[PDB]
Amino acid sequence: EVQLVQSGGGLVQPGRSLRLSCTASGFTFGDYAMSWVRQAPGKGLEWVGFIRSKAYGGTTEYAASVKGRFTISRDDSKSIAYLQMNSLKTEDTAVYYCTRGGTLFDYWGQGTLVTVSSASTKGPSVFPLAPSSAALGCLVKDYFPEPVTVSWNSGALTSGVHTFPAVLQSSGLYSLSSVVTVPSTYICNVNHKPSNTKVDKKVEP
Amino acid sequence: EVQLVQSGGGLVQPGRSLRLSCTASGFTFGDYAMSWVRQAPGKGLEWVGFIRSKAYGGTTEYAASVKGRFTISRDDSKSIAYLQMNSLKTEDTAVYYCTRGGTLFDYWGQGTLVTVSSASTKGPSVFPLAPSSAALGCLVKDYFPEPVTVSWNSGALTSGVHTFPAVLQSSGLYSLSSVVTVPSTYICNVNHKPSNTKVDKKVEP
Amino acid sequence: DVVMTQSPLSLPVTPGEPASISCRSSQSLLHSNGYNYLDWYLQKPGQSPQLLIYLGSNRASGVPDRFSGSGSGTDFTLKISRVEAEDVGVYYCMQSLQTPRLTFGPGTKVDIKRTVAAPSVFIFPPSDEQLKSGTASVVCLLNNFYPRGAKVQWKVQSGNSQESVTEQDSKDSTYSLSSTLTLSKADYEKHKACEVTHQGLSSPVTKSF
Amino acid sequence: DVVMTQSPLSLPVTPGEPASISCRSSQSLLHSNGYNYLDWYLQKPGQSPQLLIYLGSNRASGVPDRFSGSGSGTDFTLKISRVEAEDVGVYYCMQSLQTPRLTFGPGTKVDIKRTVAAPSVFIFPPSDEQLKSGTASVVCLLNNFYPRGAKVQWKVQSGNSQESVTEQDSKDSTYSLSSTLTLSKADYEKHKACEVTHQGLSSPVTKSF
Amino acid sequence: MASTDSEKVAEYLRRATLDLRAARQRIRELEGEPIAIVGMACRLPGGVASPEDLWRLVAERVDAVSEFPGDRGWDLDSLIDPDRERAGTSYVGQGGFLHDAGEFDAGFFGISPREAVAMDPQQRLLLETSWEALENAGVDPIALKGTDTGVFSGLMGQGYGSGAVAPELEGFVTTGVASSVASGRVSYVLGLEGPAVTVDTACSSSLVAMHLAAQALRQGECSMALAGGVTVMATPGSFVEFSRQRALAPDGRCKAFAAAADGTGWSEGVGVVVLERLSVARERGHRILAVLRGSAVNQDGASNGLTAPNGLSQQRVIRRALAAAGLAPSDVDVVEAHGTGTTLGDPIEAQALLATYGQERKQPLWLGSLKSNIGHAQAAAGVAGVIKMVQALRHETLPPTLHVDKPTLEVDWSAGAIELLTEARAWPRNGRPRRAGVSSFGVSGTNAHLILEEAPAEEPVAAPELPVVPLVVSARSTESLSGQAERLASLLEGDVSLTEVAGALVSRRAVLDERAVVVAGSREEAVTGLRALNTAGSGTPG
Amino acid sequence: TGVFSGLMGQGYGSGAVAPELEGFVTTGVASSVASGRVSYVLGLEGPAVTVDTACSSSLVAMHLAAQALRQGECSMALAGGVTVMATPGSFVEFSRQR
Amino acid sequence: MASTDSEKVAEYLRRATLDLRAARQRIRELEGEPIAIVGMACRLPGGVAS
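Method of determination, as annotated in the archive: cryo-EM, at 3.96 Å resolution.

Put into structure tokens, the structure is as follows:
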């Protein structure tokens, strides 16, 4: 069968350069033409570029928005597709997929998320949302980077629990709210692995 | 379904013109490229010509040998291809086939035969053929045109009977023989429909 | 000269029922060789995109037989014969005649079909310690409403409101939103509401401080 | 410059067991796209040609699944698993790298396989009334011989001999050949021995009028 | 020299792509080819001898529950009482029975009287109904000689003659009562070559059996196939047995989901149907009765006990049958339930179709049953449903049921869109294909479901009426010839064209020793000749 | 998982019957009850089939089991047969013609 | 507008070829798959239990 593995991603700071490698196996690597696509968080997907096969001269093609800064390359001996990104911006924070086929996107990889941010790791801040009269929650903010684990009553409270996805703030920090709806002993436990912070909070009138 | 019919073949004296038309059914005729290939009797097949579709301009290409007399045209309204003999010659006697596909030939018609001669109908010349002492037979020579039916004792004698295929003489006539091998009531009957000639012959040492 | 494509935006479908998604184009895609240069891609949540139909009327392996395609010229239709639980996602209809393609378009969102539900608005005051930090983030939550389409507007405004949308509940099968109006604590101190419009609501519901 | 494709001239074979026919080339048939531009065609005796295999790998419709093919570079091979009675015919491994094609080459004929049979040589004099007609035809016949390759010459001579060869017989799988010499009466009576050379015979056989 | 690369590939494989797509379509049809029905035969209590008689009987709401027969040597008085607890007694004395069980034609198949009496009635009745169904398909039975068609049947043992045995008919009892001998004998007398299989899954034995045939017909070991089942009881030991648990209805009438649903009722049954591939039948010119889209069989397995089924298994089998058929609950509009009448199984089945059908229905589906009209026929009962739906679909009319006071309260009918089909309704063609559901739940645990679709649209063809025409008839016995002649005379009393019936009888019948021919040009002429034809010659050739 | 079995009805307990064991003989002797009970005890859901073609009754069981497995509606299948004699009826029957 | 059409066609094409060839062998496996045996049990006269 045919498979490919993407690697080389992770947190990066704006300005510098990085490289993403993709190992393809299970077929004639040199015959096909590979391509790279990007998917922004909570948005559509954008075609980064592609490289032709050596039969057609192995030409390159890059999206004009990212052209001049990214460079794809091939190692047919080892069957590796490389994409070198340079001068990264916060807007480039997204997931990236490598796919065999210049026009038909037959097979797709597992993806690789690359995040570009100037923010450093920090400890989350948790604030209860006390009800005034059948819901109650905890708002967590100012934590970096993802992810953060949230539980209600250390997992005892599960019914009605809504854990809204975190949204990047304009300050560059991350924030979310985890609520639970119960009519009429209510604690929330938040753990942040990067800051290694464990905060237990209570929501009562 | 994809079906081909071929028509227009027949016997014509040398130096004339003829039209062979092949009609297609059950598919988009205009989307393919027709081809014509002839096979000499007792010989191999020989490519003749091919015409593309309107997508490639419908250009017609022919072998150098057949250049100057033969033209191929296609009508999408009736989905029929016509090929035009001119200055017909005896050496061009072959069975002709219309095929679908320019390079690859995925389909063939029933095939049409082309007979070129100046002679006319003529009764068979039947001759006994007796041994010296386990074989015997009757030789038919100088008859035209094909075919001729030969029986032994009005079909009573079939075992050991071999009827060699007819061979065109240099004079435009045909010759063959029917041979039965019996050691130690030997009646051959020859019927030529075009000459309406029935001849019975006996074979004795 | 570039040909754009469009389709119905969202079509919830009851399971085990034949569904059809129609993709239109601004021009015919058929080429002289006699082929329509179109394809369809699926995208499951938290999953890489997958290819189902190419050149209009051809299905690849792995894709179950239930999927099929039809159409030509400028119009096309992907018919899913029978829908199970794992057909929910996003579908993209791409052309192939003109190259390169920058994006996959808005696509079409496929979810489960259920009864219309009214949101349960609930506005909460910011925590006191959050105020003492030097900020005020007032949050109103909308829960158990189907389908999407709820709009929240702030009046006491724009440019400081953040809206988070969660995934459809596995059992409840509605959606929920959290709208947070964020400001400096002083701005909240100067003056002491979010209004919700949804098809599940007869009239917009405004909840204040 | 033009590529030349060859193969075994004939492969007589019995039914019930697999057979293999090779095909060579004077040039590599692989293209930059990565495909071997070789096709296989089969013509039944006295019937239209038939297409079986293209790209030497995958098989067309209608063809029995017992057919297969493989190869690369300049070497290829078609493999049958179950030889059948109707499987006899003429095969052509014809290329498509250079277009157009003038002919299909000699091709490879296949016949049923039996024991080697020596021909029965007979010489028969011209008929008396044919002699009265002013012509004389002497015929040398080879009966129930196998395999092909019989060679006939006249001595007492060339340029007036017509040879008719029958196909493989259904009963005994042997063959029959008839060579005819025609001359005027004077030439027949101006001299007063059909040499036969076949692999079935141990030595050439000479028989006179 | 290798520049020939642009134009070439397109024309090269414009055929390859369509070839390989056609291969894909081939796999799709191989796994899911609709199967076609061409033959029909049934025999049920109440004098039902032909399918149209049964259809008319159901149309006129005629019950067929009869009295217990006495020709079998039953000690009836010892079994009838109001004491349900008395040993060896049944609180029911009324039930549908096929009184023609003992009747049989041994000479037609060349059967000696000693083996004939020794032979199990189930087998002889199988042979008779099989010949009748094959004739109904309009296929020459003689031409079937040497063909690859197979036979499948379903029946349980009954021990006919298992008691006292005479020392004369010995040597035939083992072949008389062995179940496999049924299919073996029918194939041997018909000279067939396809597989001969007898199965047993209690009351569902017929429905599974035909399903099996489908696989064979899909796999390609046979051209046509025979399916069906028969149940005739010689010992009342079943009833008293069930009378011990009081599972039967005291009146002997099964109330299908009615308010008075309080028991069951047994009956004998005979059913046989010919199955054929849709494409092959279409080519062969045989008329199409109805088309099956799929089938499903599964075992309930673990349950509260051994006899009580689980509704979840019913849901699973219904979903599997629909998926294999490629249908949805919306498309179907009528389902033939098991209709046992048991206080236990009926609610379970009711909520089963509630949960699997009574959803997103733009039209309220109709539910009916036949056991309220005849009763339970054990293995044959299943195939019995197929008999009537195809007739009901043929007449474009929904047949009603019986004993409908009001639906049983154990069903929340508001949950689903189903409603009981208690009244005859029109079921006409509308351009949307009509579909019917059949189901069976054997006490052995296995359950089966079937889906039926209406026959395609076939244009009628008008033909000229010949001035004069012969009418021929052949049989093995003179009295059989006379009975046949009377039957065609009675048929000719109706409105039929002479040329078409002449062509049918000359092209859809065999040739026998006893022969008769009458020349006629008018319907009155032929009727008079047939009723007056008395000169027949069973001569020998020279 | 489905089960397929073949057997011949030998009429075990056909004769005199005590009034204590009544109520289970009908289930105890029915051929289909074999497959039904084995599946019920094992708690399966695949089809349970009881067939018979006399001596070759088993040999068709795994054939049709393989057909069903190729159809793919079951994962694994159980095939086989069983023959025990309750009466010597076969012996005396076939002794009558040597 | 259609200069390098065959260049895109080759890749539009090879995957389809291999895919429906896999379907072609799927038909053969579906109607011809060998069936493995994983367990046997037998009881025969003469004390044979395994």
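(A) Broad picture of the sheet that holds strand β6 (residues 75-80) of chain C. Residue and element names in this part refer to chain C. The 4 strands are arranged β1-β2-β6-β5 in an open sheet whose pairing can be described as antiparallel. Whereas interior strands pair on both sides, the edge strands pair on one side only; in this sheet they are β1 (5-6) and β5 (67-72). Examined bridge by bridge, β1 and strand β2 (residues 19-25) share 2 bridges and lie antiparallel to one another. Residue pairing across strands places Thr 5 opposite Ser 25, the latter belonging to β2.

(B) Structural view of the packing of helix α10 (residues 311-325) of chain E against helix α11 (residues 345-357) of chain E. Residue and element names in this part refer to chain E. One can describe the packing of α10 onto α11 by two numbers: an axis separation of 9 Å at closest approach and a directional angle of 45°. With respect to α11, the element α10 is oriented oblique. Both α10 and α11 take part in a crossing whose hand is right-handed. Contacts between α10 and α11 involve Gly 311, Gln 314, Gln 315, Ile 318, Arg 319 and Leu 322 from the first element and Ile 348, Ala 352, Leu 353, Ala 355, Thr 356 and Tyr 357 from the second. Taken together, the residues that form the contact of α10 with α11 break down as 7 nonpolar, 4 polar and 1 charged.

(C) Structural view of a nonpolar patch on the surface. All names here are of chain E. Among the surface-exposed residues, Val 468, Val 472, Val 506, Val 517 and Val 519 lie close enough to one another that they form a single nonpolar patch of about 460 Å² accessible area. Position of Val 517 among the secondary structure elements: in strand β15 (residues 514-520). On the accessibility criterion, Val 517 (53% relative accessible area) is exposed.

(D) Geometry of the interface of chain E and chain D. Contact residues are listed per partner, giving 10 residues for chain E and 18 residues for chain D. Buried area between chain E and chain D, both sides added, is near 1100 Å², and the carbon and sulfur share of it is 52%. Three residues, E:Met1, E:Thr4 and E:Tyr12, lead the burial of chain E against chain D; their summed loss comes to 54% of the area buried on that side. Our enumeration of links across chain E and chain D arrives at 0 salt bridges. The interface formed by chain E and chain D holds 9 residue pairs in polar contact in total. Split into classes, the residues belonging to the side of chain E that touches chain D amount to 5 nonpolar, 1 polar and 4 charged.

(E) Here's a closer look at the sheet that holds strand β19 (residues 197-202) of chain A. Residues and elements named next belong to chain A. An order of β14-β18-β19 is seen for the 3 strands of this open sheet, with the pairing classed as antiparallel. Two strands close off the open sheet at either side, each with one partner strand: β14 (149-152) and β19. Between one strand axis and the next, the sheet turns by 15° as a mean value, whatever way the strands run. In the sheet, β14 pairs with strand β18 (residues 187-192) via 4 bridges, with the strands oriented antiparallel.

(F) Fine view of the nonpolar core. In terms of nonpolar packing, the biggest core is built from 56 residues, with E:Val273, E:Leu275 and E:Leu450 touching the most fellow members. Residues contacting E:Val273, with those up to four places away along its chain left out, are E:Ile37, E:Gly39, E:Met40, E:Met210, E:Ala225, E:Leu226, E:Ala227 and E:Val383. The next biggest cluster of nonpolar side chains, apart from the first, holds 52 residues, and it includes B:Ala24, B:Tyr62, B:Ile72 and D:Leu55.

(G) Local environment of the domain arrangement of chain A. Split by domain assignment, chain A resolves into domain 1 (3-116) and domain 2 (127-203). Here domain 1 of chain A and domain 2 of chain A have C-alpha centroids that lie 36 Å from each other.

(H) Structural detail: the interface of chain B and chain D. Taken together, the contact pairs 33 residues of chain B with 36 residues of chain D. For the pair chain B and chain D, the summed buried area comes to about 2700 Å², and 65% of that belongs to carbon and sulfur atoms. The largest share of the area that chain B buries against chain D comes from B:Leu45, B:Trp108 and B:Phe164, three residues that together contribute 24% of it. One can count 8 residue pairs in polar contact joining chain B with chain D.

(I) Molecular detail of the domain arrangement of chain C. Residue and element names in this part refer to chain C. Examined at the domain level, chain C breaks down into domain 1 (1-113) and domain 2 (114-209). The centre of domain 1, based on its C-alpha atoms, is set 35 Å off from the matching centre of domain 2. With 5 residues of domain 1 at the contact, the number on the domain 2 side is 6 residues. Counting the surface lost from both domain 1 and domain 2, the interface buries some 400 Å², and carbon and sulfur atoms represent 41% of this. Applying the counting rule to domain 1 against domain 2 returns 0 salt bridges. For the interface between domain 1 and domain 2, the tally reads 2 residue pairs in polar contact. The residue makeup of the side of domain 1 that touches domain 2, split by class, is 2 nonpolar, no polar and 3 charged.

(J) Highlighting the state of the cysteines. Evaluation of the coordinates by the stated rule reveals 6 disulfides over all chains. Two residues, B:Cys138 and B:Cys188, share a disulfide whose sulfurs are 2.0 Å apart. Where B:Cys138 bonds to B:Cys188 through sulfur, the torsion about that S-S bond is close to -85°, and the disulfide is left-handed. In this structure, B:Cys138 and B:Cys188 share a single accessibility class: buried. Note that C:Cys140 is cross-linked by a disulfide to C:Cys194, the S-S spacing being 2.0 Å.

(K) Looking closely at the environment of E:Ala520. With respect to the helices, strands and loops of the structure, E:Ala520 is situated in strand β15. Put simply, E:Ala520 and E:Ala213 are 307 residues apart on the chain and 44 Å apart in space, counted from C-alpha to C-alpha.

(L) Quick look at the pattern of salt bridges. If you walk through the whole model with that rule in mind, you get 59 salt bridges over all chains. Taking the shortest distance from any N to any O, the salt bridge between F:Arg96 and F:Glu93 comes out at 3.6 Å. Linked by salt bridges that have partners in common, A:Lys54, A:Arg74 and A:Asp76 make up one network.

(M) Local environment of helix α8 (residues 237-245) of chain E. Considered for burial, the residues of α8(E) that qualify are E:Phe239, E:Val240, E:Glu241 and E:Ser243. Against the buried residues of α8(E) lie α1 (25-29) of chain F. Of the residues flanking the end of α8(E), it is E:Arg246, one or two places downstream, whose phi is positive at about 55°.

(N) Here's a closer look at the packing of aromatic side chains. Across all of its chains, the model carries 35 aromatic pairs over all chains by this definition. With a centroid separation of 5.9 Å and 25° between ring planes, the pair formed by A:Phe144 and A:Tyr174 is classed as stacked. You can see A:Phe144 sitting in the loop between β13 (135-143) and β14 and its partner A:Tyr174 sitting in strand β17 (residues 174-181), a full 30 residues away along the chain. Here A:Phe144 and A:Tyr174 have matching classes, each one buried. Between E:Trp74 and E:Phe97, the ring centres sit 5.7 Å apart and the planes meet at 70°, which makes this aromatic pair edge-to-face.

(O) Examining the environment of E:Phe152 more closely. Residue and element names in this part refer to chain E. With respect to the helices and strands, the residue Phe 152 is situated in strand β2 (residues 150-154). The sequence separation of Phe 152 and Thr 540 amounts to 388 residues, and the corresponding C-alpha distance is 38 Å. Each residue touching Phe 152, except ones within four places of it in the same chain, is listed here: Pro 195, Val 197, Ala 209, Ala 213, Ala 216, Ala 225, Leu 226, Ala 227 and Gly 228.

Reading the values: the criteria
Residues numbered from 1 in each chain as written, not as in the entry; some residues may be left out. Chains lettered and ligands numbered in written order. Part of a larger assembly, values for the part shown. Heavy atoms only, no water. Pairing = 2+ DSSP bridges. Helix = DSSP H or I, 4+ residues; strand = E, 2+ residues; numbered from the N terminus. Axes fitted to C-alpha atoms, helices over the stretch in contact; angles between N-to-C directions. Parallel < 35°, antiparallel > 145°, perpendicular 65-115°, else oblique. Left-handed = near helix turned anticlockwise from the far one by under 90°. Contact = heavy atoms within 4.5 Å. Nonpolar A, V, L, I, M, F, W, Y, C, P; charged D, E, K, R; others polar. Patch = residues over 30% accessible without salt bridge, like charges linked within 9 Å, V, L, I, M, F, W, Y side chains within 5 Å. Areas by Shrake-Rupley, 256 points an atom, 1.4 Å probe, with all protein chains shown as cover. Salt bridge = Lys/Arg side-chain N within 4 Å of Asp/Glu carboxyl O. Buried < 20%, exposed > 50% of the residue type's maximum accessible area, 1.4 Å probe, protein only. Buried area = accessible area lost by both parts, 1.4 Å probe. Polar contact = N/O pair within 3.5 Å; in protein donor to acceptor, adjacent residues only side chain to side chain. Core = buried A, V, L, I, M, F, W, Y, C linked by side-chain atoms within 4.5 Å. Domains from an automatic or database assignment. Disulfide = S-S within 2.5 Å. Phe/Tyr/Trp six-rings, centres within 6.5 Å; stacked < 30°, edge-to-face > 60°.

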